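Chains as they are written, first to last, in the authors' numbering: chain 3, 1 to 92; chain A, 1 to 237; chain 1, 1 to 56; chain M, 1 to 194. These notes are about the structure you will find just below.
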Amino acid sequence: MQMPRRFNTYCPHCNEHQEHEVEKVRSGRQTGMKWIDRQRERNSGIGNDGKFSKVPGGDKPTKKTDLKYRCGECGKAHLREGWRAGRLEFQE
Amino acid sequence: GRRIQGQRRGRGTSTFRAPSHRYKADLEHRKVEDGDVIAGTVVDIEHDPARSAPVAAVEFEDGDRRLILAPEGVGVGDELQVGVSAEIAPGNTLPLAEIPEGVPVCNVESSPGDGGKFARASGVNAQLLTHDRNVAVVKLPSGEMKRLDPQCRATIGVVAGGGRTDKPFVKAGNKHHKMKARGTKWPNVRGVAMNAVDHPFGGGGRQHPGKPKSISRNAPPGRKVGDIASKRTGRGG
Amino acid sequence: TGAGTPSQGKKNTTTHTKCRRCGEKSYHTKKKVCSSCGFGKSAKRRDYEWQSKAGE
Amino acid sequence: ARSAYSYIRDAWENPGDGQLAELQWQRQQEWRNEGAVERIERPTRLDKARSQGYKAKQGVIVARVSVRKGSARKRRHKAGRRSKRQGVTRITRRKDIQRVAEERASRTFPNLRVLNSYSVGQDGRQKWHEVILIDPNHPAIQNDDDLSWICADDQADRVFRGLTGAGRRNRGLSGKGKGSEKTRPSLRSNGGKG
RNA sequence: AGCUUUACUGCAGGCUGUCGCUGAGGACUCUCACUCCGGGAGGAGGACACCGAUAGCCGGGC
RNA sequence: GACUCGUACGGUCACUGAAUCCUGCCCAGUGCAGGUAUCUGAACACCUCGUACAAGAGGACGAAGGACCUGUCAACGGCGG
RNA sequence: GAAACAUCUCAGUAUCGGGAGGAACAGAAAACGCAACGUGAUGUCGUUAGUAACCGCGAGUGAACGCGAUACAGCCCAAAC
Ligand SMILES: [Cl-]
Ligand SMILES: [Cl-]
Ligand SMILES: [Cl-]
Ligand SMILES: [Cl-]
Ligand SMILES: [K+]
Ligand SMILES: [Mg+2]
Ligand SMILES: [Mg+2]
Ligand SMILES: [Mg+2]
Ligand SMILES: [Mg+2]
Ligand SMILES: [Mg+2]
Ligand SMILES: [Mg+2]
Ligand SMILES: [Mg+2]
Ligand SMILES: [Mg+2]
Ligand SMILES: [Mg+2]
Ligand SMILES: [Mg+2]
Ligand SMILES: [Mg+2]
Ligand SMILES: [Mg+2]
Ligand SMILES: [Mg+2]
Ligand SMILES: [Mg+2]
Ligand SMILES: [Mg+2]
Ligand SMILES: [Mg+2]
Ligand SMILES: [Mg+2]
Ligand SMILES: [Mg+2]
Ligand SMILES: [Mg+2]
Ligand code: NA
Ligand code: NA
Ligand code: NA
Ligand code: NA
Ligand code: NA
Ligand code: NA
Ligand code: NA
Ligand code: NA
Ligand code: NA
Ligand code: NA
Ligand code: NA
């Protein structure tokens with residue numbers, strides 16, 4: 001479906017309707033310093049490594065909407081539920 | 001499965017060993033401080049069980065009695081010589097350096113003093129080609145050009161018993177008897193005729209290899225069978 | 001040839017014999033080792049924990 | 001002022017630089033051609049020896065023991081083993097090479113008891129340790145107020161029971177507080193969890 | 001349970017880089033460790049190889 | 001340590017299975033092997049960022065191997081609509 | 001066992017190798033860390049507690065400091081001279 005790059009709507013922060021801008025959440029890079037990263041190194045040795053020996057799952061036929069709503073005045077973004085959509089394009 | 005035959009071999013049990021206790025003499029060149037003054041007389045010509053070829057008994061000036069890798073034409077009475085100054089005739093042993101190029105040689109040393117390594121089977125012979133203050137080029141019986149120290153000693157002539165391979169064994173019984181004098185398990189069963197458990201080629205409803213016969217060099221023993229690291233197979237092309 | 005009764009006939013070889021060290025007829029006169037006490041193999045006496053129940 | 005010893009010790013703080021370095025590059029050549037256990041008249045590292053209990057006296061012996069380097073020389077499994085126990089290569093022994101040397105030496109001298117040991121270098125494939133042993137039966141020692149303790153019956157085979165210095169350290173008994181819950185008073189008493 | 005394989009996961013083994021042993025003056029010389037031949041004298045080789053450690057690949061041989 | 005008191009007229013690994021007349025075509029896939037501009041290719045050391053250090057992120061170089069190319073069927077096998 | 005199974009669990013158990021004693025081992029802090037103006041070698045018992053901690057964060061696994069007791073004990077070299 002098509003979707004407006006910008007539009008009016010409720011900003012949970014300002015607590016009043018304002019022009020938000022919609023962006024697609026870009027994957028944040030990892031530091032490899034989280035506990036899970038440590039436990040991987042720690043708990044991996046000879047033979048099968050248990051949970052650490054598993055591999056990537058699969059894909060759903062369609063993914064849900066992963067968007068960021070940015071307030072046009074305070075610049076503070078907010079998240080919303082997503083909806084299944086084969087393709088999402090922004091208008092303007 | 002079970003270790004394949006090639007694996008039982010390594011263990012060195014009876015079945016796979018050579019009846020050493022029945023072998024005559026570890027044929028190796030004599031040693032001479034220097035000078036070359038050494039020489040002995042051929043006393044007899046015997047049959048060497050280990051090589052199915054004749055070997056000559058010799059008594060040296062210093063009363064030393066030993067068997068020698070005999071070239072062709074060496075008869076009793078003959079006088080052989082072993083040293084830097086040894087004459088250039090068949091039977092004599094001397095460093096490649098002193099041997100004239102173009103002369104057929106047998107029982108050549110790899111490293112000077114090792115007592116002989118190359119060319120020692122029935123009728124084979126190496127070939128001295130190039131001389132140098134550094135390297136002596138010998139063309140081994142396999143057709144390969146071997147670069148050797150001109151100090152490596154070797155015997156003049158070709159090994160005795162040549163042509164032994166010309167007559168077929170004709171019957172299993174003749175192989176049997178020969179085989180019994182070597183470190184070899186005989187007869188031979190083809191993998192393809194065994195059970196899957198016993199060999200990578202075993203199994204199936206009919207006899208055939210279950211994979212391509214050409215195995216990788218990096219293959220582990222137990223799986224390395226068939227055509228080992230073949231650069232090619234067949235006769236065509 | 002049956003592996004049974006008929007193959008019993010050739011059994012006239014002597015192996016295990018009265019042991020000089022423990023007195024048991026376990027000395028293999030061909031091996032020169034006692035299967036019971038270990039005489040011939042071990043200076044110490046042949047003994048294993050599995051000769052009785054674990055908690056005993 | 002600095003003692004003579006201090007110089008011997010200061011030299012070994014860096015066995016790869018200076019004279020000691022050249023010394024080693026030489027000695028090993030002969031050590032390599034020696035046996036597994038070679039009794040030696042004088043300790044190579046006098047300061048260290050003296051420091052560990054050594055005394056130029058009767059009943060006090062010294063021997064250099066050679067032990068191979070690396071992980072455990074292990075045989076791969078010949079029966080069912082879950083992936084965790086299928087290891088061979090990375091498995092290592094729980095006794096450090098130095099404790100292995102102390103044992104191999106003591107076995108060479110069935111009448112003596114291990115007092116201590118110290119390292120004397122290593123080449124590319126082996127490590128050498130000099131072990132100080134003591135004759136618990138020589139009166140020269142039964143009367144030594146600084147060593148007669150090693151004569152008591154309960155000090156018999158002390159190395160094979162890990163009562164040695166490197167023994168106790170290797171048993172993880174160094175700390176008297178945190179981290180020694182499973183080690184003191186004994187590994188076997190703690191259910192072999194240390 | 002035995003057996004198979006491009007089933008899952010691992011383990012040997014082979015190949016290969018790297019670190020240590022290990023030294024003098026991206027290609028090169030040397031000799032002194034180390035290796036090998038030699039009865040020895042000495043010869044070949046040589047900081048490689050072997051061995052220890054690690055990394056990538058192959059890996060139903062298990 | 002066996003082979004081996006052995007040395008290519010050797011002995012290892014496989015297939016076929018006396019003699020006689022013969023043994024066509026296929027290298028695409030798989031296997032083995034050789035080559036390789038370029039691509040891909042780990043760890044150590046090295047460069048940048050980060051941290052008074054460190055974890056960590058990135059770069060440069062690039063082995064075997066793979067991509068790609070070639071050889072090979074008395075190599076696995078194939079010889080149709 | 002985990003209602004399969006690979007980490008985990010059974011378990012540092014079974015079993016194996018080496019060795020001491022009448023008991024062994026431990027032991028006079030590079031401790032503790034109820035953080036203190038505090039405790040004061042070490043075993044062990046009761047408790048702390050199925051707590052903290054671990055774990056396909058599944059099934060399961062699992063201490064310590066302290067406290068109350070038992071018994072009490074503190075010393076010898078290396079080196080300086
Ligand atoms: Cl989206
Ligand atoms: Cl033959
Ligand atoms: Cl002892
Ligand atoms: Cl307290
Ligand atoms: K299990
Ligand atoms: Mg693992
Ligand atoms: Mg021989
Ligand atoms: Mg033939
Ligand atoms: Mg035979
Ligand atoms: Mg056959
Ligand atoms: Mg059959
Ligand atoms: Mg198989
Ligand atoms: Mg057939
Ligand atoms: Mg067939
Ligand atoms: Mg039967
Ligand atoms: Mg106790
Ligand atoms: Mg089954
Ligand atoms: Mg040698
Ligand atoms: Mg299997
Ligand atoms: Mg047939
Ligand atoms: Mg279960
Ligand atoms: Mg479950
Ligand atoms: Mg547990
Ligand atoms: Mg604590
Ligand atoms: Na851990
Ligand atoms: Na088959
Ligand atoms: Na002893
Ligand atoms: Na532990
Ligand atoms: Na079965
Ligand atoms: Na093809
Ligand atoms: Na091909
Ligand atoms: Na179950
Ligand atoms: Na099951
Ligand atoms: Na787990
Ligand atoms: Na309190």
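Note that CB positions come from ideal geometry on N, CA and C, so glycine has one too.
Asked: Note down, in chain order, each residue of its chain lying with its Cβ closer than 6 angstroms to the Cβ of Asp123 (chain M), except the 5 sequence neighbours on either side.; Found: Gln28
Asked: Using only the alpha-carbon positions, how far apart do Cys34 (chain 1) and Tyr48 (chain 1) sit?; Found: 15 angstroms
Asked: To the nearest angstrom, report how far apart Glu46 (chain A) and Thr130 (chain A) are at their CA atoms.; Found: 34 angstroms
Asked: Just to check, is the beta-carbon of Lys178 (chain M) closer than 7 angstroms to a non-hydrogen atom of ligand 28?; Found: no
Asked: In chain order, what residues of the segment 83–97 of chain M put their CB closer than 7 angstroms to some CB of chain 3?; Found: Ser83, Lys84, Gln86, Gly87, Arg90
Asked: Apart from the five residues on each side of it in sequence, which residues of its chain come closer than 6 angstroms, Cβ to Cβ, to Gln81 (chain A)?; Found: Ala39, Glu87, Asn92
Asked: Could you say which of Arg85 (chain M), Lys55 (chain M), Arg90 (chain M) lies nearest to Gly70 (chain M) if we only look at CA atoms?; Found: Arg90 (chain M)
Asked: If I measure Cβ to Cβ from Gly35 (chain A) and keep anything under 6 angstroms in the same chain, skipping five residues before and after, which residues do I get?; Found: none
Asked: Output needed for residue 217 (chain M): all residues of its chain with C-beta closer than 6 angstroms, excluding positions within five of it in sequence on either side, in chain order.; Found: No answer is possible for residue 217 (chain M): the residues shown for chain M start at 1 and end at 194.
Asked: With C-beta atoms as the reference, is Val158 (chain A) less than 8 angstroms away from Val124 (chain A)?; Found: yes
Asked: So what does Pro71 (chain A) bridge to, in DSSP terms?; Found: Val159 (chain A)
Asked: In the DSSP assignment, the alpha helix (DSSP H) including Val100 (chain M) goes from what residue to what residue?; Found: 97–108
Asked: Measure the beta-carbon distance from residue 240 (chain A) to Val42 (chain A) and round it to whole angstroms, keeping in mind my assumption that it falls under 8 angstroms.; Found: There is simply no residue 240 (chain A) to check, as chain A begins at 1 and stops at 237 in what is shown.
Asked: Among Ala97 (chain A), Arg51 (chain A), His208 (chain A), which has the Cα closest to the Cα of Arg22 (chain A)?; Found: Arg51 (chain A)
Asked: Do three or more CB pairs link the segment 11–27 of chain 3 to the segment 42–49 of chain 3 at distances below 8 angstroms?; Found: no
Asked: For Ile40 (chain M), which residues from the same chain have a beta carbon less than 8 angstroms from its beta carbon, with the 5 sequence-adjacent residues on both sides left out?; Found: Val62, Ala63, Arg64, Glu130
Asked: What ranges does the beta strand (DSSP E) occupy inside the segment 103–142 of chain A, keeping only unbroken runs of at least 3 residues that lie completely in it?; Found: 104–106, 126–130, 136–139
Asked: In its own chain, which residues sit with a C-beta less than 7 angstroms from the C-beta of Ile8 (chain M), not counting the 5 before and 5 after it?; Found: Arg45, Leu46, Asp47
Asked: Taking only heavy atoms of ligand 28 into account, decide whether any of them is closer than 7 angstroms to the Cβ of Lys57 (chain M).; Found: no
Asked: With the cut-off set at 8 angstroms, would you say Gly6 (chain A) and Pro221 (chain A) are in Cβ contact?; Found: yes
Asked: Please state the DSSP three-state secondary structure of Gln19 (chain M).; Found: helix
Asked: Apart from the five residues on each side of it in sequence, which residues of its chain come closer than 7 angstroms, Cβ to Cβ, to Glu79 (chain A)?; Found: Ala39, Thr41
Asked: Of all the residues that make up the segment 44–62 of chain 3, which are near chain M by a beta-carbon distance shorter than 7 angstroms?; Found: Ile46, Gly47, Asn48
Asked: Any residues whose CB sits closer than 7 angstroms to a heavy atom of ligand 26? List them in chain order?; Found: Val192 (chain A), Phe201 (chain A), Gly202 (chain A), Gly203 (chain A), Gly204 (chain A), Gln207 (chain A), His208 (chain A), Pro209 (chain A), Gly210 (chain A)
Asked: How do the segment 73–83 of chain 3 and the segment 6–18 of chain 3 stand: do at least 3 beta-carbon pairs fall below 8 angstroms, yes or no?; Found: yes
Asked: State whether the segment 104–114 of chain A contacts the segment 142–162 of chain A, with contact taken as three or more CB pairs (one from each stretch) at a distance under 8 angstroms.; Found: yes
Asked: Considering only the beta carbon of each residue, do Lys41 (chain 1) and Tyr27 (chain 1) sit closer than 8 angstroms?; Found: no
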